[PDB]
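> Before I ask anything, here's the sequence and the deposited coordinates:
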Amino acid sequence: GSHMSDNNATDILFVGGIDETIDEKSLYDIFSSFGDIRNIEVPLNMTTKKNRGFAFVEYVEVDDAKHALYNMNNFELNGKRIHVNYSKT
């Protein structure tokens, strides 16, 4: 156990705190294995590829949303730990 995720997240998924060799297209295909994707907002800088603690991710279907974020607390991305929670739209 690391961090318990209990929220009402329908169609809205926050992933912030990702490692500095991923880009836009890579966060599409690693989550598309259960769920294909609507729209992606991930700012990235051309000197270090820093994301500054924050990125937004919208899914296609509303059941699949819930089963992915509850599995995503204990999952590490390229040896870095991602904080995963519900957002505003």
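Yes, it's here. Residues are numbered from 1 along each chain as shown.

> Spit out the contact partners of the one residue sitting closest to the centre of the chain.
With distances taken as C-alpha atoms, centre = their mean, the residue of the chain nearest its centroid is residue 15 (3.0 Å). Residue 15 makes contacts with 27, 55, 57, 72, 82, 84, as judged by C-beta atoms under 8 Å, 6 or more residues apart in numbering. The C-beta positions use only the backbone N, C-alpha and C, and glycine is treated the same way.

> swap in residue 43?
51-52, 55.

> just residue 12 next, same as before
Contacts of residue 12 by C-beta under 8 Å, 6+ apart are 58, 65, 86-87, 89.

> returning to what we had before: as JSON lines, the contacts of residue 15 with distance to residue 19 and secondary structure would be great.
JSON lines is the format used below for the contacts of residue 15 (distance: C-beta to C-beta, whole Å; DSSP: H, G, I helix; E, B strand; the rest coil):
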{"residue": "27", "distance to residue 19": "11", "secondary structure": "helix"}
{"residue": "55", "distance to residue 19": "12", "secondary structure": "coil"}
{"residue": "57", "distance to residue 19": "16", "secondary structure": "strand"}
{"residue": "72", "distance to residue 19": "15", "secondary structure": "coil"}
{"residue": "82", "distance to residue 19": "9", "secondary structure": "coil"}
{"residue": "84", "distance to residue 19": "15", "secondary structure": "strand"}
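
> in which helix or strand would I find the residue nearest to the centre of the chain?
Secondary structure from DSSP states H and E places residue 15 in strand 13-16.

> Give the buried residues for that strand.
13-16 (16 or more other C-beta atoms under 10 Å).

> can you pull out the strands in the protein?
13-16, 37-41, 56-59, 76-77, 80-81, 83-85 (DSSP state E).
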